[PDB]
Amino acid sequence: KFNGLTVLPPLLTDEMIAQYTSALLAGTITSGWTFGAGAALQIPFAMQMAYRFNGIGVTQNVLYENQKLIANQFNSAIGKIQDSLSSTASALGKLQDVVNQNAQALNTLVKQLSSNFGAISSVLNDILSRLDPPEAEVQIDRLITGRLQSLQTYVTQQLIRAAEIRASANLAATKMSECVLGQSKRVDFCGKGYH
Amino acid sequence: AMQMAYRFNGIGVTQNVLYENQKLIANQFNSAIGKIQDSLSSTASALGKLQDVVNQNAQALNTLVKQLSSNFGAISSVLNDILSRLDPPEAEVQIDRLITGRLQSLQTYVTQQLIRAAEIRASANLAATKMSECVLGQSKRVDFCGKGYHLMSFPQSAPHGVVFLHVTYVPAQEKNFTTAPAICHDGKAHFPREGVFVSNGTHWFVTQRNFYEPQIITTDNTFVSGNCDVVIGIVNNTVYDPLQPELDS
Amino acid sequence: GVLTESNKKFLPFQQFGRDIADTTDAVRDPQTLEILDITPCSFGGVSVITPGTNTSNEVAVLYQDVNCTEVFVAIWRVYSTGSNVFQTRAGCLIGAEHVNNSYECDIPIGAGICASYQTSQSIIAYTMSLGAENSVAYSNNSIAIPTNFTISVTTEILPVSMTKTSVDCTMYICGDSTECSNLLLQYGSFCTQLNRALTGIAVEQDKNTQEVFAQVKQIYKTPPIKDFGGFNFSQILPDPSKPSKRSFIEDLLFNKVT
Amino acid sequence: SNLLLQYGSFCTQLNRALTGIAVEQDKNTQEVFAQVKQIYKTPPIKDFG
Ligand SMILES: *[C@@H]1O[C@H](CO)[C@@H](O[C@@H]2O[C@H](CO)[C@@H](O)[C@H](O)[C@H]2NC(C)=O)[C@H](O)[C@H]1NC(C)=O
Ligand SMILES: *[C@@H]1O[C@H](CO)[C@@H](O[C@@H]2O[C@H](CO)[C@@H](O)[C@H](O)[C@H]2NC(C)=O)[C@H](O)[C@H]1NC(C)=O
Ligand SMILES: *[C@@H]1O[C@H](CO)[C@@H](O[C@@H]2O[C@H](CO)[C@@H](O)[C@H](O)[C@H]2NC(C)=O)[C@H](O)[C@H]1NC(C)=O
Ligand SMILES: *[C@@H]1O[C@H](CO)[C@@H](O[C@@H]2O[C@H](CO)[C@@H](O)[C@H](O)[C@H]2NC(C)=O)[C@H](O)[C@H]1NC(C)=O
Ligand SMILES: *[C@@H]1O[C@H](CO)[C@@H](O)[C@H](O)[C@H]1NC(C)=O
Ligand SMILES: *[C@@H]1O[C@H](CO)[C@@H](O)[C@H](O)[C@H]1NC(C)=O
Ligand SMILES: *[C@@H]1O[C@H](CO)[C@@H](O)[C@H](O)[C@H]1NC(C)=O
Ligand SMILES: *[C@@H]1O[C@H](CO)[C@@H](O)[C@H](O)[C@H]1NC(C)=O
Ligand SMILES: *[C@@H]1O[C@H](CO)[C@@H](O)[C@H](O)[C@H]1NC(C)=O
């Protein structure tokens with residue numbers, strides 16, 4: 001709010017953002033993928049896995065004959081993610097570059113306000129006092145084009161950058177419709193391997 | 001009637017559903033068309049997406065046209081009037097102000113058009129993908145052709161745009177049951193070939209996975225692997241053999 | 001700005017502080033060694049929350065990013081500075097009332113607040129309800145198979161192309177002026193480049209309507225025997241009443257676009 | 001303030017461009033997350049096999 005750089009708040013608060021992610025995660029367990037299409041129908045989770053080995057050319061007898069090894073292998077897999085996220089901070093590379101690129105846009109824009117842009121000064125009040133208003137309009141005209149062109153540059157950079165996010169928001173919406181609400185047969189879509 | 005039968009066979013539903021209920025589906029589809037008939041005719045808010053293309057394009061031109069009556073730092077906004085009033089040795093300075101003020105108003109409009117035209121190609125390629133998959137075949141991508149299991153779609157034209165008519169399949173009424181993931185008859189698991197094992201309380205049944213149709217468990221219904229201790233959730237049953245009464249007579 | 005007392009400690013030769021973005025905030029008083037801060041005065045955007053003018057005639061303003069004490073200053077109407085002012089997380093709301101209920105979203109405001117027009121009747125500002133909750137009876141021995149089905153028809157609408165438009169940079173900048181025509185040319189190749197950029201858009205629009213529609217090799221013919229096993233396809237097929245081959249549902253689609 | 005206004009509709013156009021982005025950001029977080037009809041409840045019996 002220092003020089004007109006207002007920031008609007010998001011409509012969806014972060015408390016209830018986790019409410020959706022506690023609902024998509026709570027229908028994947030019990031109902032399976034049925035709640036994506038019609039109405040949620042409860043399935044035992046040992047049988048819900050059995051629907052998913054049956055999509056990679058693997059017969060049903062693999063799971064229930066080895067139900068204890070897979071359960072411990074999955075539980076240990078979560079623990080590996082637990083240590084990998086907690087130890088290093090370089091895993092979140094993609095989300096960090098969004099904020100930093102946006103932060104360099106504002107700091108470039110703010111620091112442009114202390115440039116003369118062809119005039120003799122860079123203060124709106126000082127040029128009016130020192131020079132006569134019959135000829136101060138020529139000097140203050142230099143602090144129009146020098147500042148108007150610095151705004152249209154930032155807006156054009158924002159419109160191009162905002163097209164990247166929609167291209168990544170539509171890709172994330174595709175994954176939440178296929179990789180979560182069902183099983184995908186696209187090779188190397190949901191991680192390297194059979195999904 | 002057989003082209004419909006080729007499409008129920010892609011959602012895990014056996015062929016016997018269609019021809020045993022050919023009259024209910026025909027009236028349900030015919031009534032479905034009539035619902036689109038009234039919904040399109042009554043309200044005009046359904047065509048939101050195609051309307052915003054024209055209005056955004058028409059707002060660009062009216063902004064561009066109204067920029068022609070601005071001084072842009074000069075003393076006037078008429079090309080003919082500035083030449084008559086002021087001497088051409090110094091009218092070139094004033095008419096220079098009606099160069100940069102009008103050239104920058106054109107490159108702004110062109111840059112806005114190049115960004116906006118990239119949106120349409122991203123939507124034209126998505127429409128070309130749907131016409132290649134959702135019309136010329138059947139799609140198994142979940143929530144691609146409407147919310148639900150997909151059957152087919154039909155294309156319709158529109159002024160600067162296309163309109164689809166998806167036909168999906170949605171289950172209606174569910175029932176509680178009791179299940180067990182395996183069956184033991186002779187000290188051995190009896191994994192079913194296609195379906196799960198259900199029971200209403202007295203007799204166990206095997207049925208398909210999206211529509212209730214139970215059958216008596218036979219040897220053809222299942223394949224056998226392993227003994228009767230590794231699996232968890234095992235429930236005993238008797239699996240009838242069709243050969244022994246057939247070989248009896 | 002707004003001067004106030006500060007807890008910051010300067011250095012005994014130091015005059016006035018600054019910030020990260022080179023902005024002045026801390027100014028030492030010249031005579032007294034007390035330390036003063038600078039806070040910019042309150043400002044924000046003014047928004048109007050209204051229902052449909054066909055329905056009602058009552059509005060409620062929303063002063064954004066402001067504490068609810070600095071209102072009634074403004075500088076519209078005088079009456080819009082009272083009547084149970086309700087503080088939100090996104091700004092100061094005047095003309096509405098707080099409700100402890102929860103309803104679906106009608107008008108977005110910010111930070112999970114929705115305004116509507118409910119019954120006698122006034123404008124309320126509740127907190128949105130994220131749909132009706134549900135709970136499934138999960139157990140290790142339970143299964144649910146549906147016993148009856150439905151067939152439905154949704155509608156998906158996409159745009160394919162925009163209107164082709166060419167603008168002559170010679171006529172637009174200097175329209176029939178000998179002095180302006182020569183002075184425009186010495187600027188260089190700005191005019192030539194723009195007419196080549198707008199041609200790339202106009203060529204691309206023809207390519208867009210070619211890929212979506214022209215994917216069939218041969219035009220097929222509708223058979224005259226319409227016995228389709230019970231299905232009625234006459235609403236979507238072409239009707240020979242019109243001179244064109246336009247169908248019935250297409251006819252409504254063209255009239256709804258102005 | 002008076003000399004800026006005679007330039008025309010540059011100020012009006014930019015404030016209409018930036019609201020197009022701000023509306024679009026809310027639409028992005030709506031499509032990715034809000035795809036579930038009813039909020040479900042985690043069962044208390046956590047015996048997941
Ligand atoms: C579970 O379903 C089976 C299959 O229909 C039922 O068995 C038949 O139920 C009818 C109901 O009137 C009886 O007339 C038949 O005699 C039953 N068949 C046999 C071979 O006895 C069974 O009763 C159902 N059980 C429950 C608890 O609903
Ligand atoms: C399924 O049937 C087997 C075969 O009868 C049962 O195993 C018997 O269990 C009883 C006591 O539970 C023992 O006294 C017998 O010696 C067992 N016989 C064999 C061959 O193992 C088994 O208990 C049954 N399971 C269920 C759940 O009914
Ligand atoms: C499955 O649902 C359909 C409708 O969703 C049922 O069809 C209706 O049945 C009732 C009672 O028989 C009739 O009064 C209606 O006219 C039917 N509707 C239509 C559009 O024909 C159908 O009966 C249900 N299936 C079963 C086995 O009950
Ligand atoms: C397919 O649906 C259309 C639309 O209702 C039917 O056309 C109407 O049919 C009724 C009687 O069935 C007539 O009274 C109307 O005059 C028809 N409309 C028009 C514009 O002529 C059509 O008959 C249906 N197809 C079949 C084979 O019955
Ligand atoms: C029957 O199913 C409903 C939901 O479909 C569930 O709420 C109810 O608890 C079930 N009852 C039994 C006895 O399983
Ligand atoms: C199913 O869960 C109940 C809950 O206590 C438990 O008593 C029972 O042993 C379980 N059965 C199987 C086969 O896991
Ligand atoms: C306008 O209001 C009248 C009276 O309530 C109603 O009959 C009419 O349908 C409304 N028009 C629209 C477009 O909502
Ligand atoms: C608004 O101003 C009053 C008085 O200045 C103050 O007590 C109150 O805390 C302020 N509101 C907020 C949210 O800070
Ligand atoms: C609404 O909540 C407030 C604060 O908890 C309380 O004072 C008021 O009585 C409540 N009103 C109703 C109708 O529950």
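Things worth noting here:
- Yes/no for A:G36 being outside any loop (DSSP other than H, G, I, E, B) and under 19 Å from D:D47 (Cβ atoms): no
- Of all residues making up segment C:120-153, the number that are away from ligand 3 (no atom under 16 Å from the Cβ) and either assigned to a strand (DSSP E or B) or closer than 26 Å to A:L11 by Cβ (or both): 16
- Subset of segment B:9-28 (residues that are more than 12 Å from C:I151 (Cβ to Cβ) and touching a strand residue (DSSP E or B) at 6+ places or on another chain (Cβ under 7 Å)): B:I11
- Tally, over segment B:60-92, of residues that are part of a loop (DSSP other than H, G, I, E, B), away from chain D (no Cβ under 14 Å) and surrounded by 11 or more Cβ atoms within 10 Å (Cβ to Cβ): 2
- Cβ separations smaller than 7 Å between residues 6+ apart or across chains give the following pairs from segment A:41-57 residues that are facing another protein chain (nearest Cβ under 7 Å) to residues that are buried (at least 19 other Cβ atoms within 10 Å of the Cβ) and among the aromatic types (F, W, Y): A:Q42/C:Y138.
Conditions tested, residue by residue: (1) buried (at least 16 other Cβ atoms within 10 Å of the Cβ); (2) closer than 26 Å to A:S168 by Cα; (3) of a type outside the set (D, E, K, R).
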residue: A:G55; (1), (2), (3): no, no, yes
residue: A:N72; (1), (2), (3): no, no, yes
residue: A:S76; (1), (2), (3): no, no, yes
residue: A:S90; (1), (2), (3): no, yes, yes
residue: A:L95; (1), (2), (3): no, yes, yes
residue: A:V98; (1), (2), (3): no, yes, yes
residue: A:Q101; (1), (2), (3): no, yes, yes
residue: A:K111; (1), (2), (3): no, no, no
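- Screening the candidates C:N141, C:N134 for the property of being within 14 Å of chain D (Cβ to nearest Cβ) and within 16 Å of ligand 1 (Cβ to nearest atom) yields one hit, C:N141.
- Selection of segment B:193-221 for residues being of a type in the set (K, R) and either within 16 Å of B:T178 (Cα to Cα) or within 16 Å of ligand 8 (Cβ to nearest atom) (or both) yields only B:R209.
- Residue under evaluation B:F154, criteria (1) among the aromatic types (F, W, Y); (2) under 27 Å from the mean Cα position of the chain (by Cα); (3) within 14 Å of chain A (Cβ to nearest Cβ), criterion not met: (3)
- Residue within segment B:187-195 that is more than 16 Å from ligand 3 (Cβ to nearest atom), in a strand (DSSP E or B) and crowded, with 19+ Cβ neighbours inside 10 Å present: yes
- In summary, strands (runs of 3 or more DSSP E) completely within segment C:1-71 and bearing 2 or more residues that are surrounded by 11 or more Cβ atoms within 10 Å (Cβ to Cβ) occur at C:26-28, C:35-39, C:46-49, C:60-64.
- Taken over segment A:110-138, the criterion of being polar (S, T, N, Q) and not in a helix (DSSP H, G or I) is satisfied by A:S115, A:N116, A:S121, A:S122.
- Checking A:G146 against (1) out of contact with any helix residue (DSSP H, G or I) (no Cβ under 9 Å at 6 or more places or on another chain); (2) farther than 30 Å from D:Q35 by Cβ, the condition it does not meet: (1)
- Screening segment B:47-59 for residues that are surrounded by fewer than 17 Cβ atoms within 10 Å (Cβ to Cβ) and of a type outside the set (S, T, N, Q) and picking the one that is nearest to the other protein chains (Cβ to nearest Cβ) gives B:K49.
- The lone criterion from (1) away from chain C (no Cβ under 12 Å); (2) within 16 Å of ligand 1 (Cβ to nearest atom) left unmet by B:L243 is number (2).
Values in this text are rule-based calculations from the coordinates and carry no lab data. Note that each Cβ is placed from the backbone with ideal geometry, even for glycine, and that neighbours are counted across all protein chains shown.
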